[PDB]
Amino acid sequence: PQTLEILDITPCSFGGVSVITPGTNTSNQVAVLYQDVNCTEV
Amino acid sequence: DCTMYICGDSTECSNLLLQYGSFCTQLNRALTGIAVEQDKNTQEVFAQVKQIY
Ligand SMILES: *[C@@H]1O[C@H](CO)[C@@H](O)[C@H](O)[C@H]1NC(C)=O
Ligand SMILES: *[C@@H]1O[C@H](CO)[C@@H](O)[C@H](O)[C@H]1NC(C)=O
Ligand SMILES: *[C@@H]1O[C@H](CO)[C@@H](O)[C@H](O)[C@H]1NC(C)=O
């Protein structure tokens, strides 16, 4: 509204996240598969 | 994602959706059950044999 320009609003919180883990009775170490992304956020 | 689909990027709405409880979990339980059997459907059709000829 102040200076005239058109700003696209892109929703945050994007891309799928998966949890690759053995049973918690085995180990608590987990691998996290991030769909729809490159290795950046982490 | 049934928290994201219903309430987009919203804390006030997501707090209201958490009052609905297991609804979000039971939908993904059925979608995962599909996602598992669709890999099983492909497993039953294309691999009937252990050896690659
Ligand atoms: C309002 O702010 C914009 C910059 O965002 C500026 O270009 C404009 O001149 C301002 N208008 C007035 C009169 O405050
Ligand atoms: C955890 O693993 C141990 C050793 O294999 C087994 O004896 C036990 O039944 C398991 N417990 C659970 C909760 O899976
Ligand atoms: C990620 O980007 C690199 C180039 O910077 C590309 O070579 C790689 O295939 C990309 N990986 C994904 C997420 O497809």
# chains A, B, ... in the order shown; residues from 1 in each chain; ligands from 1
call {"tool": "residues_around", "arguments": {"residues": "residue 35 (chain A)", "least_positions_apart": "5", "cutoff": "12 Å", "atoms": "only C-alpha atoms", "output": "list in words"}}
result
residues 14, 15, 16, 17, 18, 19, 40, 41 and 42 of chain A
call {"tool": "closest_atom_pairs", "arguments": {"of": "chain B", "to": "chain A", "cutoff": "10 Å", "atoms": "only C-alpha atoms", "output": "tab-separated table"}}
result
residue	atom	partner	partner_atom	distance
B:1	CA	A:16	CA	8.7
B:4	CA	A:13	CA	8.4
B:8	CA	A:11	CA	7.8
B:9	CA	A:12	CA	6.7
call {"tool": "residues_near_ligand", "arguments": {"ligand": "ligand 3", "cutoff": "8 Å", "atoms": "only C-alpha atoms and all ligand atoms", "output": "PyMOL selection string"}}
result
chain A and resi 36-39
call {"tool": "residues_near_ligand", "arguments": {"ligand": "ligand 2", "cutoff": "9 Å", "atoms": "only C-alpha atoms and all ligand atoms", "output": "ChimeraX atom specification"}}
result
/A:23-26
call {"tool": "residues_around", "arguments": {"residues": "region 22-34 of chain B", "least_positions_apart": "5", "cutoff": "10 Å", "atoms": "only C-alpha atoms", "output": "MDAnalysis selection string"}}
result
chainID B and resid 1:3 6 17 39:41
call {"tool": "residues_near_ligand", "arguments": {"ligand": "ligand 1", "cutoff": "12 Å", "atoms": "only C-alpha atoms and all ligand atoms", "output": "list in words"}}
result
residues 1, 2, 3, 4 and 5 of chain A
call {"tool": "write_last_selection", "arguments": {"atoms": "N, CA, C and O atoms", "output": "PDB file, in the first residue's frame"}}
result
ATOM      1  N   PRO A   1       0.795  -1.238   0.000  1.00  0.00           N
ATOM      2  CA  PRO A   1       0.000   0.000   0.000  1.00  0.00           C
ATOM      3  C   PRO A   1       0.821   1.279   0.000  1.00  0.00           C
ATOM      4  O   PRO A   1       0.298   2.316  -0.424  1.00  0.00           O
ATOM      5  N   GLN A   2       2.074   1.256   0.455  1.00  0.00           N
ATOM      6  CA  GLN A   2       2.859   2.490   0.485  1.00  0.00           C
ATOM      7  C   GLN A   2       3.467   2.780  -0.884  1.00  0.00           C
ATOM      8  O   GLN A   2       3.024   3.688  -1.593  1.00  0.00           O
ATOM      9  N   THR A   3       4.483   2.017  -1.271  1.00  0.00           N
ATOM     10  CA  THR A   3       5.005   2.065  -2.629  1.00  0.00           C
ATOM     11  C   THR A   3       4.339   0.957  -3.434  1.00  0.00           C
ATOM     12  O   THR A   3       4.144  -0.152  -2.931  1.00  0.00           O
ATOM     13  N   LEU A   4       3.966   1.261  -4.672  1.00  0.00           N
ATOM     14  CA  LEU A   4       3.149   0.334  -5.442  1.00  0.00           C
ATOM     15  C   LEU A   4       4.025  -0.776  -6.009  1.00  0.00           C
ATOM     16  O   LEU A   4       4.917  -0.522  -6.825  1.00  0.00           O
ATOM     17  N   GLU A   5       3.763  -2.006  -5.573  1.00  0.00           N
ATOM     18  CA  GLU A   5       4.412  -3.193  -6.107  1.00  0.00           C
ATOM     19  C   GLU A   5       3.536  -4.388  -5.764  1.00  0.00           C
ATOM     20  O   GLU A   5       2.702  -4.327  -4.858  1.00  0.00           O
TER      21      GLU A   5
END
call {"tool": "select_by_dssp", "arguments": {"residues": "chain B", "states": "helix (DSSP H, G or I)", "output": "number ranges by chain"}}
result
B: 2-6, 11-17, 23-46
call {"tool": "write_last_selection", "arguments": {"atoms": "N, CA, C and O atoms", "output": "CSV table (one decimal), in the first residue's frame"}}
result
chain,number,residue,atom,x,y,z
B,2,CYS,N,-2.5,-33.4,7.1
B,2,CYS,CA,-3.8,-33.0,7.6
B,2,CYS,C,-3.7,-31.8,8.6
B,2,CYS,O,-4.8,-31.2,8.8
B,3,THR,N,-2.6,-31.6,9.2
B,3,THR,CA,-2.4,-30.3,9.9
B,3,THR,C,-2.2,-29.2,9.0
B,3,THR,O,-2.6,-28.1,9.2
B,4,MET,N,-1.4,-29.4,7.9
B,4,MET,CA,-1.1,-28.4,7.0
B,4,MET,C,-2.2,-28.1,6.0
B,4,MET,O,-2.5,-26.9,5.6
B,5,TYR,N,-2.9,-29.1,5.6
B,5,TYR,CA,-4.0,-28.9,4.6
B,5,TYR,C,-5.2,-28.2,5.2
B,5,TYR,O,-5.7,-27.3,4.6
B,6,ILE,N,-5.5,-28.5,6.5
B,6,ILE,CA,-6.6,-27.8,7.1
B,6,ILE,C,-6.2,-26.4,7.6
B,6,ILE,O,-6.8,-25.4,7.1
B,11,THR,N,-1.0,-21.0,13.7
B,11,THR,CA,-0.9,-21.5,15.1
B,11,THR,C,-2.3,-21.6,15.7
B,11,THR,O,-2.6,-22.6,16.4
B,12,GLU,N,-3.1,-20.5,15.6
B,12,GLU,CA,-4.4,-20.4,16.2
B,12,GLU,C,-5.3,-21.5,15.7
B,12,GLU,O,-6.0,-22.2,16.5
B,13,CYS,N,-5.2,-21.8,14.4
B,13,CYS,CA,-6.1,-22.8,13.8
B,13,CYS,C,-5.5,-24.2,14.2
B,13,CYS,O,-6.3,-25.1,14.5
B,14,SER,N,-4.2,-24.4,14.1
B,14,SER,CA,-3.6,-25.7,14.4
B,14,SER,C,-3.9,-26.1,15.8
B,14,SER,O,-4.1,-27.3,16.1
B,15,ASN,N,-4.0,-25.2,16.8
B,15,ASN,CA,-4.3,-25.5,18.1
B,15,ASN,C,-5.8,-25.9,18.2
B,15,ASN,O,-6.1,-26.7,19.1
B,16,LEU,N,-6.7,-25.4,17.3
B,16,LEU,CA,-8.0,-25.9,17.3
B,16,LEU,C,-8.2,-27.2,16.7
B,16,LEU,O,-9.0,-28.1,17.1
B,17,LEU,N,-7.3,-27.5,15.7
B,17,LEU,CA,-7.4,-28.8,15.0
B,17,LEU,C,-6.9,-29.9,16.0
B,17,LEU,O,-7.3,-31.1,15.9
B,23,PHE,N,-8.2,-37.7,14.3
B,23,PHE,CA,-8.7,-37.6,12.9
B,23,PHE,C,-7.5,-37.5,11.9
B,23,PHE,O,-7.5,-38.1,10.9
B,24,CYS,N,-6.6,-36.6,12.2
B,24,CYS,CA,-5.4,-36.4,11.4
B,24,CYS,C,-4.6,-37.7,11.3
B,24,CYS,O,-4.0,-38.0,10.3
B,25,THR,N,-4.5,-38.5,12.4
B,25,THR,CA,-3.7,-39.7,12.4
B,25,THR,C,-4.3,-40.8,11.6
B,25,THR,O,-3.7,-41.6,10.9
B,26,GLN,N,-5.7,-41.0,11.7
B,26,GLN,CA,-6.3,-42.1,11.1
B,26,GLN,C,-6.4,-41.9,9.6
B,26,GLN,O,-6.6,-42.9,8.9
B,27,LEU,N,-6.4,-40.6,9.1
B,27,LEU,CA,-6.4,-40.4,7.7
B,27,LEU,C,-5.1,-40.9,7.1
B,27,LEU,O,-5.1,-41.5,6.0
B,28,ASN,N,-4.0,-40.5,7.7
B,28,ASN,CA,-2.7,-40.9,7.2
B,28,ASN,C,-2.4,-42.4,7.4
B,28,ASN,O,-1.7,-43.0,6.6
B,29,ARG,N,-3.1,-43.0,8.4
B,29,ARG,CA,-3.0,-44.4,8.6
B,29,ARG,C,-3.6,-45.2,7.4
B,29,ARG,O,-3.1,-46.2,7.0
B,30,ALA,N,-4.7,-44.6,6.8
B,30,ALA,CA,-5.3,-45.2,5.7
B,30,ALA,C,-4.5,-44.9,4.4
B,30,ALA,O,-4.4,-45.7,3.5
B,31,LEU,N,-4.0,-43.7,4.3
B,31,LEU,CA,-3.2,-43.3,3.1
B,31,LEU,C,-1.9,-44.1,3.1
B,31,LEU,O,-1.4,-44.5,2.0
B,32,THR,N,-1.3,-44.3,4.3
B,32,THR,CA,0.0,-45.1,4.4
B,32,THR,C,-0.4,-46.5,4.0
B,32,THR,O,0.4,-47.2,3.3
B,33,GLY,N,-1.5,-47.1,4.5
B,33,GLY,CA,-1.9,-48.4,4.1
B,33,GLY,C,-2.1,-48.6,2.6
B,33,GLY,O,-1.8,-49.6,2.1
B,34,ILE,N,-2.5,-47.5,1.9
B,34,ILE,CA,-2.5,-47.5,0.5
B,34,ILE,C,-1.1,-47.5,-0.1
B,34,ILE,O,-0.7,-48.3,-0.9
B,35,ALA,N,-0.3,-46.6,0.4
B,35,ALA,CA,1.1,-46.4,-0.1
B,35,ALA,C,1.9,-47.7,0.1
B,35,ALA,O,2.8,-48.0,-0.7
B,36,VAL,N,1.6,-48.5,1.2
B,36,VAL,CA,2.3,-49.7,1.4
B,36,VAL,C,1.8,-50.8,0.4
B,36,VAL,O,2.6,-51.5,-0.2
B,37,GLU,N,0.5,-50.9,0.2
B,37,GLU,CA,0.0,-51.9,-0.7
B,37,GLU,C,0.3,-51.6,-2.1
B,37,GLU,O,0.3,-52.5,-2.9
B,38,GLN,N,0.4,-50.3,-2.5
B,38,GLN,CA,0.7,-50.0,-3.9
B,38,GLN,C,2.2,-50.4,-4.2
B,38,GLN,O,2.4,-50.9,-5.4
B,39,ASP,N,3.1,-50.4,-3.3
B,39,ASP,CA,4.4,-51.0,-3.5
B,39,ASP,C,4.3,-52.5,-3.4
B,39,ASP,O,5.1,-53.2,-4.0
B,40,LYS,N,3.3,-53.0,-2.6
B,40,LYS,CA,3.1,-54.4,-2.6
B,40,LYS,C,2.4,-54.9,-3.9
B,40,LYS,O,2.7,-56.0,-4.3
B,41,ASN,N,1.5,-54.1,-4.4
B,41,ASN,CA,0.9,-54.5,-5.7
B,41,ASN,C,1.9,-54.6,-6.8
B,41,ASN,O,1.9,-55.6,-7.6
B,42,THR,N,2.9,-53.7,-6.9
B,42,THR,CA,4.0,-53.7,-7.8
B,42,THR,C,4.9,-54.9,-7.5
B,42,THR,O,5.4,-55.5,-8.4
B,43,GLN,N,5.1,-55.2,-6.2
B,43,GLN,CA,5.9,-56.3,-5.8
B,43,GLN,C,5.3,-57.6,-6.2
B,43,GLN,O,6.1,-58.6,-6.5
B,44,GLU,N,4.0,-57.8,-6.1
B,44,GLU,CA,3.4,-59.0,-6.4
B,44,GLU,C,3.4,-59.3,-7.9
B,44,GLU,O,3.4,-60.4,-8.4
B,45,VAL,N,3.2,-58.2,-8.7
B,45,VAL,CA,3.1,-58.4,-10.2
B,45,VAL,C,4.5,-58.6,-10.8
B,45,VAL,O,4.8,-59.6,-11.4
B,46,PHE,N,5.4,-57.6,-10.7
B,46,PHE,CA,6.6,-57.5,-11.5
B,46,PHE,C,7.7,-58.4,-11.0
B,46,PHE,O,8.5,-58.9,-11.7
call {"tool": "residues_around", "arguments": {"residues": "residue 20 (chain A)", "least_positions_apart": "3", "cutoff": "12 Å", "atoms": "only C-alpha atoms", "output": "list in words"}}
result
residues 17, 23, 24, 27, 28, 29, 30, 31, 32, 33 and 34 of chain A
